[PDB]
$ cat my_file04.tsv   # TSV, N, CA, C and O atoms
chain	number	residue	atom	x	y	z
V	1	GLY	N	-12.61	-5.08	34.98
V	1	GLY	CA	-12.29	-6.47	34.71
V	1	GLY	C	-10.95	-6.87	35.29
V	1	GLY	O	-10.85	-7.22	36.47
V	2	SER	N	-9.91	-6.82	34.46
V	2	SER	CA	-8.57	-7.19	34.90
V	2	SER	C	-8.53	-8.65	35.36
V	2	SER	O	-8.79	-8.95	36.52
V	3	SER	N	-8.19	-9.55	34.44
V	3	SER	CA	-8.12	-10.97	34.75
V	3	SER	C	-6.79	-11.56	34.29
V	3	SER	O	-6.57	-11.75	33.09
V	4	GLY	N	-5.92	-11.84	35.24
V	4	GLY	CA	-4.62	-12.41	34.92
V	4	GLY	C	-4.54	-13.89	35.21
V	4	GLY	O	-4.35	-14.30	36.36
V	5	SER	N	-4.70	-14.71	34.17
V	5	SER	CA	-4.66	-16.16	34.32
V	5	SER	C	-4.16	-16.82	33.05
V	5	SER	O	-3.75	-16.15	32.10
V	6	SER	N	-4.20	-18.15	33.02
V	6	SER	CA	-3.75	-18.91	31.86
V	6	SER	C	-4.76	-19.99	31.49
V	6	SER	O	-4.39	-21.11	31.13
V	7	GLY	N	-6.04	-19.65	31.58
V	7	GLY	CA	-7.09	-20.60	31.26
V	7	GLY	C	-8.27	-19.95	30.57
V	7	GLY	O	-9.36	-19.84	31.13
V	8	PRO	N	-8.06	-19.51	29.32
V	8	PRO	CA	-9.11	-18.85	28.53
V	8	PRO	C	-10.20	-19.83	28.10
V	8	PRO	O	-11.39	-19.49	28.14
V	9	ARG	N	-9.80	-21.03	27.70
V	9	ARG	CA	-10.75	-22.05	27.27
V	9	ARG	C	-11.67	-21.51	26.17
V	9	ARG	O	-12.82	-21.17	26.43
V	10	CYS	N	-11.14	-21.43	24.95
V	10	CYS	CA	-11.91	-20.93	23.82
V	10	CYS	C	-12.04	-22.00	22.74
V	10	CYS	O	-11.28	-22.96	22.69
V	11	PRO	N	-13.03	-21.82	21.85
V	11	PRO	CA	-13.29	-22.76	20.76
V	11	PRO	C	-12.20	-22.72	19.69
V	11	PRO	O	-12.01	-21.71	19.02
V	12	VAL	N	-11.49	-23.83	19.54
V	12	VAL	CA	-10.42	-23.93	18.56
V	12	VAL	C	-10.98	-24.01	17.14
V	12	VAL	O	-11.83	-24.84	16.85
V	13	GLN	N	-10.49	-23.14	16.27
V	13	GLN	CA	-10.94	-23.11	14.88
V	13	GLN	C	-9.96	-23.85	13.97
V	13	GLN	O	-8.83	-24.13	14.37
V	14	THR	N	-10.40	-24.15	12.76
V	14	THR	CA	-9.56	-24.86	11.79
V	14	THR	C	-9.25	-23.98	10.59
V	14	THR	O	-9.94	-22.99	10.33
V	15	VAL	N	-8.21	-24.34	9.85
V	15	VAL	CA	-7.80	-23.58	8.67
V	15	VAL	C	-8.98	-23.38	7.72
V	15	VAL	O	-9.16	-22.31	7.16
V	16	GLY	N	-9.77	-24.43	7.54
V	16	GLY	CA	-10.92	-24.36	6.66
V	16	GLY	C	-11.86	-23.23	7.03
V	16	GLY	O	-12.02	-22.27	6.28
V	17	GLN	N	-12.49	-23.35	8.19
V	17	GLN	CA	-13.43	-22.33	8.66
V	17	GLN	C	-12.74	-20.98	8.80
V	17	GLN	O	-13.37	-19.93	8.64
V	18	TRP	N	-11.45	-21.01	9.10
V	18	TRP	CA	-10.67	-19.79	9.27
V	18	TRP	C	-10.64	-18.99	7.97
V	18	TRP	O	-10.90	-17.78	7.97
V	19	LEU	N	-10.32	-19.66	6.87
V	19	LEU	CA	-10.26	-19.01	5.56
V	19	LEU	C	-11.63	-18.48	5.15
V	19	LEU	O	-11.73	-17.42	4.53
V	20	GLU	N	-12.68	-19.22	5.51
V	20	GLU	CA	-14.04	-18.82	5.17
V	20	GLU	C	-14.38	-17.47	5.79
V	20	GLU	O	-15.23	-16.73	5.29
V	21	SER	N	-13.70	-17.14	6.89
V	21	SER	CA	-13.93	-15.88	7.59
V	21	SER	C	-13.39	-14.71	6.78
V	21	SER	O	-14.14	-13.83	6.35
V	22	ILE	N	-12.08	-14.70	6.57
V	22	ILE	CA	-11.43	-13.64	5.81
V	22	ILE	C	-12.10	-13.44	4.46
V	22	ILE	O	-12.12	-12.33	3.92
V	23	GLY	N	-12.66	-14.52	3.92
V	23	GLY	CA	-13.33	-14.43	2.63
V	23	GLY	C	-12.47	-14.92	1.49
V	23	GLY	O	-12.42	-14.30	0.43
V	24	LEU	N	-11.78	-16.04	1.71
V	24	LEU	CA	-10.91	-16.61	0.69
V	24	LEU	C	-10.82	-18.13	0.84
V	24	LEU	O	-9.78	-18.68	1.19
V	25	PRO	N	-11.93	-18.81	0.56
V	25	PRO	CA	-12.01	-20.28	0.65
V	25	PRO	C	-11.19	-20.97	-0.44
V	25	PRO	O	-10.79	-22.12	-0.29
V	26	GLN	N	-10.95	-20.25	-1.53
V	26	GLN	CA	-10.18	-20.80	-2.64
V	26	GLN	C	-8.81	-21.29	-2.17
V	26	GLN	O	-8.22	-22.18	-2.78
V	27	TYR	N	-8.32	-20.71	-1.09
V	27	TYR	CA	-7.03	-21.08	-0.53
V	27	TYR	C	-7.18	-22.12	0.57
V	27	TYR	O	-6.47	-22.09	1.58
V	28	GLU	N	-8.12	-23.04	0.38
V	28	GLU	CA	-8.37	-24.09	1.36
V	28	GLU	C	-7.45	-25.29	1.13
V	28	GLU	O	-7.01	-25.94	2.07
V	29	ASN	N	-7.17	-25.57	-0.14
V	29	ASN	CA	-6.30	-26.69	-0.50
V	29	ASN	C	-4.84	-26.25	-0.53
V	29	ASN	O	-3.93	-27.06	-0.33
V	30	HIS	N	-4.62	-24.96	-0.79
V	30	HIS	CA	-3.26	-24.42	-0.86
V	30	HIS	C	-2.48	-24.76	0.41
V	30	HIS	O	-1.55	-25.56	0.38
V	31	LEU	N	-2.88	-24.14	1.52
V	31	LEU	CA	-2.21	-24.38	2.80
V	31	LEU	C	-2.15	-25.87	3.12
V	31	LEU	O	-1.10	-26.40	3.46
V	32	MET	N	-3.29	-26.54	2.99
V	32	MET	CA	-3.37	-27.97	3.27
V	32	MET	C	-2.35	-28.74	2.42
V	32	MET	O	-1.91	-29.82	2.80
V	33	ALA	N	-1.99	-28.17	1.28
V	33	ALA	CA	-1.03	-28.80	0.38
V	33	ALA	C	0.40	-28.49	0.80
V	33	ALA	O	1.32	-29.25	0.51
V	34	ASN	N	0.58	-27.37	1.50
V	34	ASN	CA	1.90	-26.96	1.96
V	34	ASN	C	2.13	-27.41	3.40
V	34	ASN	O	2.90	-26.79	4.14
V	35	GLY	N	1.46	-28.48	3.80
V	35	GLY	CA	1.61	-28.99	5.15
V	35	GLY	C	1.29	-27.95	6.20
V	35	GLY	O	2.06	-27.76	7.14
V	36	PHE	N	0.16	-27.27	6.04
V	36	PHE	CA	-0.25	-26.24	6.99
V	36	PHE	C	-1.59	-26.59	7.62
V	36	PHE	O	-2.57	-25.86	7.46
V	37	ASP	N	-1.63	-27.71	8.34
V	37	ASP	CA	-2.85	-28.15	9.00
V	37	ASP	C	-2.86	-27.73	10.47
V	37	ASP	O	-3.50	-28.37	11.30
V	38	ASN	N	-2.15	-26.65	10.77
V	38	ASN	CA	-2.08	-26.14	12.14
V	38	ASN	C	-2.52	-24.68	12.19
V	38	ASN	O	-1.91	-23.81	11.56
V	39	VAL	N	-3.57	-24.41	12.96
V	39	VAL	CA	-4.09	-23.05	13.10
V	39	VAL	C	-3.43	-22.33	14.27
V	39	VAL	O	-3.26	-21.12	14.25
V	40	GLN	N	-3.05	-23.10	15.29
V	40	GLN	CA	-2.40	-22.53	16.47
V	40	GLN	C	-0.99	-22.07	16.15
V	40	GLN	O	-0.51	-21.06	16.68
V	41	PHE	N	-0.31	-22.81	15.27
V	41	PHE	CA	1.05	-22.48	14.88
V	41	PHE	C	1.09	-21.15	14.12
V	41	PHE	O	2.00	-20.34	14.31
V	42	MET	N	0.10	-20.94	13.26
V	42	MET	CA	0.02	-19.71	12.48
V	42	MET	C	-0.09	-18.49	13.38
V	42	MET	O	-0.98	-18.41	14.23
V	43	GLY	N	0.83	-17.55	13.21
V	43	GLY	CA	0.82	-16.34	14.02
V	43	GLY	C	1.99	-16.28	14.98
V	43	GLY	O	1.81	-16.38	16.19
V	44	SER	N	3.20	-16.13	14.44
V	44	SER	CA	4.40	-16.06	15.26
V	44	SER	C	5.64	-15.87	14.39
V	44	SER	O	6.21	-14.78	14.35
V	45	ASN	N	6.05	-16.93	13.71
V	45	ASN	CA	7.22	-16.87	12.84
V	45	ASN	C	7.05	-17.79	11.63
V	45	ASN	O	8.02	-18.30	11.09
V	46	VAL	N	5.80	-17.99	11.22
V	46	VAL	CA	5.50	-18.84	10.08
V	46	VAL	C	4.31	-18.29	9.28
V	46	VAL	O	3.44	-17.63	9.84
V	47	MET	N	4.30	-18.58	7.99
V	47	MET	CA	3.22	-18.12	7.12
V	47	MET	C	3.18	-16.60	7.05
V	47	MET	O	2.16	-15.98	7.32
V	48	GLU	N	4.32	-16.00	6.69
V	48	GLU	CA	4.41	-14.55	6.59
V	48	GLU	C	4.12	-14.08	5.17
V	48	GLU	O	3.78	-14.88	4.29
V	49	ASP	N	4.26	-12.78	4.94
V	49	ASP	CA	4.01	-12.20	3.62
V	49	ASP	C	4.80	-12.94	2.55
V	49	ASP	O	4.36	-13.04	1.40
V	50	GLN	N	5.97	-13.45	2.93
V	50	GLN	CA	6.82	-14.18	1.99
V	50	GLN	C	6.34	-15.61	1.82
V	50	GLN	O	6.24	-16.11	0.70
V	51	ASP	N	6.03	-16.27	2.93
V	51	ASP	CA	5.55	-17.65	2.90
V	51	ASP	C	4.29	-17.77	2.05
V	51	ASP	O	4.07	-18.78	1.38
V	52	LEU	N	3.47	-16.73	2.07
V	52	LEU	CA	2.23	-16.72	1.30
V	52	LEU	C	2.52	-16.65	-0.20
V	52	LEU	O	1.72	-17.09	-1.02
V	53	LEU	N	3.67	-16.08	-0.54
V	53	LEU	CA	4.07	-15.95	-1.94
V	53	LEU	C	4.74	-17.23	-2.43
V	53	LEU	O	4.72	-17.53	-3.63
V	54	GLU	N	5.34	-17.97	-1.51
V	54	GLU	CA	6.02	-19.21	-1.85
V	54	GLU	C	5.02	-20.35	-2.02
V	54	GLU	O	5.17	-21.19	-2.92
V	55	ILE	N	4.01	-20.38	-1.17
V	55	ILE	CA	2.99	-21.42	-1.23
V	55	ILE	C	2.27	-21.40	-2.57
V	55	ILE	O	1.73	-22.42	-3.01
V	56	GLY	N	2.27	-20.25	-3.22
V	56	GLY	CA	1.62	-20.12	-4.51
V	56	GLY	C	0.82	-18.84	-4.64
V	56	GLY	O	0.86	-18.17	-5.68
V	57	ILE	N	0.10	-18.49	-3.58
V	57	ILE	CA	-0.71	-17.28	-3.58
V	57	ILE	C	0.11	-16.06	-4.00
V	57	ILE	O	0.99	-15.62	-3.26
V	58	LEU	N	-0.18	-15.53	-5.18
V	58	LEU	CA	0.53	-14.37	-5.69
V	58	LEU	C	-0.27	-13.09	-5.46
V	58	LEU	O	0.29	-12.00	-5.36
V	59	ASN	N	-1.59	-13.24	-5.38
V	59	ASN	CA	-2.47	-12.09	-5.17
V	59	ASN	C	-2.02	-11.28	-3.96
V	59	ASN	O	-2.15	-11.73	-2.81
V	60	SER	N	-1.50	-10.09	-4.21
V	60	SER	CA	-1.03	-9.21	-3.14
V	60	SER	C	-2.19	-8.74	-2.28
V	60	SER	O	-2.12	-8.79	-1.05
V	61	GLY	N	-3.26	-8.29	-2.92
V	61	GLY	CA	-4.42	-7.81	-2.19
V	61	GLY	C	-4.92	-8.83	-1.19
V	61	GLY	O	-5.46	-8.46	-0.14
V	62	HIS	N	-4.76	-10.11	-1.50
V	62	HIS	CA	-5.20	-11.18	-0.61
V	62	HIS	C	-4.10	-11.56	0.37
V	62	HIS	O	-4.37	-11.89	1.52
V	63	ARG	N	-2.86	-11.52	-0.10
V	63	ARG	CA	-1.71	-11.87	0.73
V	63	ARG	C	-1.73	-11.08	2.04
V	63	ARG	O	-1.57	-11.64	3.12
V	64	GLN	N	-1.92	-9.77	1.92
V	64	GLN	CA	-1.96	-8.90	3.09
V	64	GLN	C	-3.16	-9.22	3.97
V	64	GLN	O	-3.05	-9.28	5.20
V	65	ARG	N	-4.31	-9.42	3.34
V	65	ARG	CA	-5.54	-9.73	4.06
V	65	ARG	C	-5.33	-10.92	5.00
V	65	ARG	O	-5.86	-10.95	6.11
V	66	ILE	N	-4.56	-11.90	4.53
V	66	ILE	CA	-4.29	-13.09	5.32
V	66	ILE	C	-3.31	-12.79	6.45
V	66	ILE	O	-3.44	-13.30	7.56
V	67	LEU	N	-2.31	-11.95	6.16
V	67	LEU	CA	-1.31	-11.58	7.15
V	67	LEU	C	-1.97	-11.08	8.43
V	67	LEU	O	-1.58	-11.47	9.53
V	68	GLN	N	-2.96	-10.21	8.28
V	68	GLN	CA	-3.68	-9.66	9.42
V	68	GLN	C	-4.41	-10.76	10.19
V	68	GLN	O	-4.32	-10.84	11.42
V	69	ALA	N	-5.13	-11.61	9.46
V	69	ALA	CA	-5.87	-12.70	10.08
V	69	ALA	C	-4.95	-13.59	10.92
V	69	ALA	O	-5.31	-13.99	12.02
V	70	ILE	N	-3.77	-13.88	10.38
V	70	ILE	CA	-2.80	-14.72	11.08
V	70	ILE	C	-2.26	-14.01	12.31
V	70	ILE	O	-1.92	-14.64	13.31
V	71	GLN	N	-2.17	-12.68	12.24
V	71	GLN	CA	-1.66	-11.88	13.35
V	71	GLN	C	-2.66	-11.84	14.49
V	71	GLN	O	-2.29	-11.68	15.65
V	72	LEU	N	-3.94	-12.00	14.16
V	72	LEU	CA	-5.00	-11.98	15.16
V	72	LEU	C	-5.12	-13.33	15.85
V	72	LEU	O	-5.54	-13.42	17.01
V	73	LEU	N	-4.73	-14.39	15.15
V	73	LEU	CA	-4.79	-15.74	15.70
V	73	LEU	C	-4.09	-15.81	17.05
V	73	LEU	O	-3.25	-14.97	17.38
V	74	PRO	N	-4.42	-16.84	17.84
V	74	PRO	CA	-3.83	-17.04	19.17
V	74	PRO	C	-2.37	-17.46	19.09
V	74	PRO	O	-2.01	-18.37	18.33
V	75	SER	N	-1.52	-16.80	19.87
V	75	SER	CA	-0.10	-17.10	19.88
V	75	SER	C	0.33	-17.65	21.24
V	75	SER	O	-0.16	-17.21	22.28
V	76	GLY	N	1.25	-18.61	21.22
V	76	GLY	CA	1.72	-19.21	22.46
V	76	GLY	C	2.92	-20.11	22.24
V	76	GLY	O	3.37	-20.32	21.12
V	77	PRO	N	3.47	-20.64	23.34
V	77	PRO	CA	4.64	-21.53	23.30
V	77	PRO	C	4.31	-22.88	22.68
V	77	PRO	O	3.20	-23.40	22.84
V	78	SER	N	5.28	-23.46	21.97
V	78	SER	CA	5.09	-24.75	21.33
V	78	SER	C	6.19	-25.73	21.74
V	78	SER	O	7.29	-25.71	21.19
V	79	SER	N	5.88	-26.58	22.71
V	79	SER	CA	6.84	-27.56	23.20
V	79	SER	C	6.20	-28.94	23.30
V	79	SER	O	5.15	-29.11	23.93
V	80	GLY	N	6.84	-29.93	22.69
V	80	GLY	CA	6.32	-31.29	22.72
V	80	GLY	C	7.41	-32.32	22.93
V	80	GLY	O	8.58	-31.97	23.09
$ encode --input "my_file04.tsv" --output "structure tokens"
Amino acid sequence: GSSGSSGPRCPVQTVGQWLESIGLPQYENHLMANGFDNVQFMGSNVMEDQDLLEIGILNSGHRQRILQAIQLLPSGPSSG
């Protein structure tokens, strides 16, 4: 293979469907309540193990589960 470019063109997912994947839909209003309507932003320097505890989610077993999901999300530059 070996493909070096900057045009993946993939289907953008949303926080809602995203949570449904990990298996924690209960946290659908949580993030949305903490002004977290950005899926692309997640995975860099926001929504960490600590941020998950501040938003309200205290469940450790779930906190970590989310950390991984966010780490898998697409990461990139944010300039507007």
$ residues_around --input "my_file04.tsv" --residues "residue 13 (chain V)" --least-positions-apart "4" --cutoff "7 Å" --atoms "only N, CA, C and O atoms" --output "short mmCIF file (atom, residue, chain, number, x, y, z; two decimals) with N, CA, C and O atoms, in the frame of the given file"
data_model
loop_
_atom_site.label_atom_id
_atom_site.label_comp_id
_atom_site.auth_asym_id
_atom_site.auth_seq_id
_atom_site.Cartn_x
_atom_site.Cartn_y
_atom_site.Cartn_z
N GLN V 17 -12.49 -23.35 8.19
CA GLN V 17 -13.43 -22.33 8.66
C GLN V 17 -12.74 -20.98 8.80
O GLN V 17 -13.37 -19.93 8.64
N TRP V 18 -11.45 -21.01 9.10
CA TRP V 18 -10.67 -19.79 9.27
C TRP V 18 -10.64 -18.99 7.97
O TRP V 18 -10.90 -17.78 7.97
N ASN V 38 -2.15 -26.65 10.77
CA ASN V 38 -2.08 -26.14 12.14
C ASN V 38 -2.52 -24.68 12.19
O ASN V 38 -1.91 -23.81 11.56
N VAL V 39 -3.57 -24.41 12.96
CA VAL V 39 -4.09 -23.05 13.10
C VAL V 39 -3.43 -22.33 14.27
O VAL V 39 -3.26 -21.12 14.25
N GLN V 40 -3.05 -23.10 15.29
CA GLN V 40 -2.40 -22.53 16.47
C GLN V 40 -0.99 -22.07 16.15
O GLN V 40 -0.51 -21.06 16.68
#
$ residues_around --input "my_file04.tsv" --residues "residue 29 (chain V)" --least-positions-apart "5" --cutoff "12 Å" --atoms "only C-alpha atoms" --output "list in words"
residues 15, 16, 19, 24, 34, 35, 36, 37, 55, 56 and 57 of chain V
$ residues_around --input "my_file04.tsv" --residues "residue 72 (chain V)" --least-positions-apart "5" --cutoff "7 Å" --atoms "only N, CA, C and O atoms" --output "PDB file with N, CA, C and O atoms, in the frame of the given file"
ATOM      1  N   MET V  42       0.100 -20.940  13.260  1.00  0.00           N
ATOM      2  CA  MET V  42       0.020 -19.710  12.480  1.00  0.00           C
ATOM      3  C   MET V  42      -0.090 -18.490  13.380  1.00  0.00           C
ATOM      4  O   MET V  42      -0.980 -18.410  14.230  1.00  0.00           O
ATOM      5  N   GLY V  43       0.830 -17.550  13.210  1.00  0.00           N
ATOM      6  CA  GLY V  43       0.820 -16.340  14.020  1.00  0.00           C
ATOM      7  C   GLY V  43       1.990 -16.280  14.980  1.00  0.00           C
ATOM      8  O   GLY V  43       1.810 -16.380  16.190  1.00  0.00           O
ATOM      9  N   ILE V  66      -4.560 -11.900   4.530  1.00  0.00           N
ATOM     10  CA  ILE V  66      -4.290 -13.090   5.320  1.00  0.00           C
ATOM     11  C   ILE V  66      -3.310 -12.790   6.450  1.00  0.00           C
ATOM     12  O   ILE V  66      -3.440 -13.300   7.560  1.00  0.00           O
ATOM     13  N   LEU V  67      -2.310 -11.950   6.160  1.00  0.00           N
ATOM     14  CA  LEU V  67      -1.310 -11.580   7.150  1.00  0.00           C
ATOM     15  C   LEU V  67      -1.970 -11.080   8.430  1.00  0.00           C
ATOM     16  O   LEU V  67      -1.580 -11.470   9.530  1.00  0.00           O
TER      17      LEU V  67
END
$ atom_distance --input "my_file04.tsv" --atom1 "CA of residue 12 (chain V)" --atom2 "atom C of residue 48 (chain V)"
22.1 Å
$ closest_residue --input "my_file04.tsv" --among "V:46, V:71, V:41, V:27" --to "residue 58 (chain V)" --atoms "only C-alpha atoms"
V:27
$ atom_distance --input "my_file04.tsv" --atom1 "CA of residue 8 (chain V)" --atom2 "CA of residue 78 (chain V)"
17.0 Å
$ atom_distance --input "my_file04.tsv" --atom1 "CA of residue 6 (chain V)" --atom2 "CA of residue 22 (chain V)"
27.7 Å
$ closest_residue --input "my_file04.tsv" --among "V:47, V:62, V:3, V:10" --to "residue 23 (chain V)" --atoms "only C-alpha atoms"
V:62
$ select_by_dssp --input "my_file04.tsv" --residues "chain V" --states "helix (DSSP H, G or I)" --output "VMD selection string"
chain V and resid 15 to 22 25 to 33 51 to 54 60 to 72
$ axis_aligned_box --input "my_file04.tsv" --around "region 77-80 of chain V" --padding-each-side "6 Å" --output "AutoDock Vina command-line options"
--center_x 5.9 --center_y -26.5 --center_z 22.6 --size_x 17.4 --size_y 23.7 --size_z 14.7
